[PDB]
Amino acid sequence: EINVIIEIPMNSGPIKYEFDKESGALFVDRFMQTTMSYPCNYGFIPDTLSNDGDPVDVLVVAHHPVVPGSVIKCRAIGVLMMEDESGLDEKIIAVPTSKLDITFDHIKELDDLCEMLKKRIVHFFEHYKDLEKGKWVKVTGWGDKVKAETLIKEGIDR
């Protein structure tokens, strides 16, 4: 079980929020220029640090959006691997715990996710900065659960 603070709710529209850690305020990072909304609730695991000096970020697949700033207890089921202009980028894929939503209980690996959801997610990431000057993403592959858990542990320990 990991705690994930949500920055950006699924299907929310053009606003790209980001938490300032120095203050804990939610800042507007960007007013997004495409017609794309985030495919998943999106946030981070508090008290963790990626090698990029930032927290471990997370896509929480849920059936519903959630107010920015709310926390979802989830479990990691995988990892989405990307490289952006700032280099390499990994995002955990997680789902609510069976206390929050029992209907995800049979979802144990990426394998168990809708294929189309997964493609929607790649398509989103590969395109949502297209109209952002000086910015881009490439999706190089996926990791499994064991891979997700090691990322988290390394990020807690860092």
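Residues carry their position along the shown sequence, with the first being 1.
Participant: Mean C-alpha B factor from the entry: is it higher for 34-42 or for 129-137?
Facilitator: Comparing 34-42 with 129-137, the higher average CA B-factor belongs to 129-137.
Participant: Please compare 99-107 with 47-55 and say which has the higher mean C-alpha temperature factor in the record.
Facilitator: The entry gives the higher C-alpha B-factor average to 47-55.
Participant: Just say lowest, middle or highest third for the CA B-factor of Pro9 relative to the other modelled residues in its chain.
Facilitator: It falls in the bottom third of the chain.
Participant: How does the C-alpha B factor of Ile72 compare with the rest of the chain: lowest, middle or highest third?
Facilitator: CA B-factor rank for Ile72: lowest third.
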